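Inspection log for the structure reproduced underneath, given as structure tokens.
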Amino acid sequence: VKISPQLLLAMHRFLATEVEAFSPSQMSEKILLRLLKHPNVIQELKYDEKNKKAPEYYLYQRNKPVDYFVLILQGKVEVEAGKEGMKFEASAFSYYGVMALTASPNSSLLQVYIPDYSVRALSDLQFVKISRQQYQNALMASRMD
Amino acid sequence: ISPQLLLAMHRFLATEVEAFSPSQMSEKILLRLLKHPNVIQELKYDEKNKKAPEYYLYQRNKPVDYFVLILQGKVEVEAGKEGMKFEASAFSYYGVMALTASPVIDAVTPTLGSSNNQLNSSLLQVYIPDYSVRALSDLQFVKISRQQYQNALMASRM
């Protein structure tokens, strides 16, 4: 996935200033930029009007454990929030699932992040995808530089 | 719910499954737990509406908080990464770790089932089965939740 340097700067500046998880206090800007340039962190998704309700077009499903964070860069998504599944539209720079990253910790149970919402693609999507593991590694890397 | 069958399953759990061993749970309490309402359940099978959500006792990558012991009937089990399919019948049990798994250390998030402020928290300690269980016929089975199991332990602790 090839993106322009301008777009990379915009998403970098937004996360570093708006999302505390990526604040310079938690994560150095040098590491953050490397994390964004990491392969498959930035992804795209081709939309199919025929298969609109396909599983490949659901970034999040309510009551389905997930372990990654998303930042929409381009495109439209439908969001189903709450018990009644209140639908509304979200576009660029709407993010989801930060708690999957920043949540603090064989025969044990597992702490998971379960979204109280669903996110479905309405059109072609370009977005960021950062897993808890990628984020925790980014903290350790920035925790020593 | 014949007395003969109830004793058989009691002896099986108390001897085969350590979670219900006399060391963990007295045999007197175990019997009371089995006679507890809704611990023993049934399920009518519909050949027309097979693969229905009401016929899945367990679903892959779907958090669960209960234990099952088949008493009568057949189920299809899809186990592991490669989804090895096999058939299981009476006295096949599932989800023991759902009961005996210990919580995360120095963790404040609530466990699924206990409902300790779960209604508003998105972080939940869960047991996630690496398998699926689908009903192939009418089922009679035991169903013990983590909370019902923990309550049985406290009862036997006195």
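No lab work stands behind these numbers, since they all come straight from the coordinates. Cβ: placed from backbone, ideal geometry, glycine included. Neighbour counts: every protein chain shown.
A full extension of the chain between residue A:20 and residue A:49 corresponds to an added length of 6.8 nm, given 0.36 nm per residue minus the alpha carbon distance.
Panel note: the C-alpha atoms of region B:22-100, placed on their principal axes, show extents of 41, 29, 21 Å (largest first). Taking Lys and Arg as +1 and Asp and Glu as -1, the other residues whose beta-carbon sits under 11 Å from that of residue B:156 total +2. Taking the Kirkwood radius as Rh and the Cα radius of gyration as Rg, the protein assembly as shown has a ratio of Rg/Rh equal to 1.05.
Shielding value for B:107-115 is 2, the average number of Cβ atoms from other chains within 10 Å of each residue's Cβ.
Given Cα positions, please report Rg to Rh for region A:1-139, the hydrodynamic radius being the Kirkwood one.
Radius of gyration relative to Kirkwood radius: 0.97.
Would you please name the trypsin sites (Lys or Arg not before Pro) within region B:127-158 that are DSSP coil residues with at most 12 other C-beta atoms within 10 Å of their C-beta? Answer by residue number: B:157.
Look at the stretch B:46-55: the mean tally of other chain Cβ atoms within 10 Å of its residues' Cβ atoms is 0.
If you take all other residues with their beta carbon under 12 Å from the beta carbon of residue A:137, and give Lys and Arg +1 and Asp and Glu -1, the sum is +3. If the label point is 7 Å along Cα→Cβ of residue B:84, which residues in region B:55-71 have backbone nitrogen under 20 Å from it? Correct set: B:58-61.
What helices does chain B hold that run 27 Å or longer along their axis, going by alpha-carbon atoms, with a Kyte-Doolittle average of -0.5 or more, using DSSP H for the helix calls?
none
With only Cα atoms counted, region B:35-81 has Rg and Dmax values of 12.3, 36 Å.
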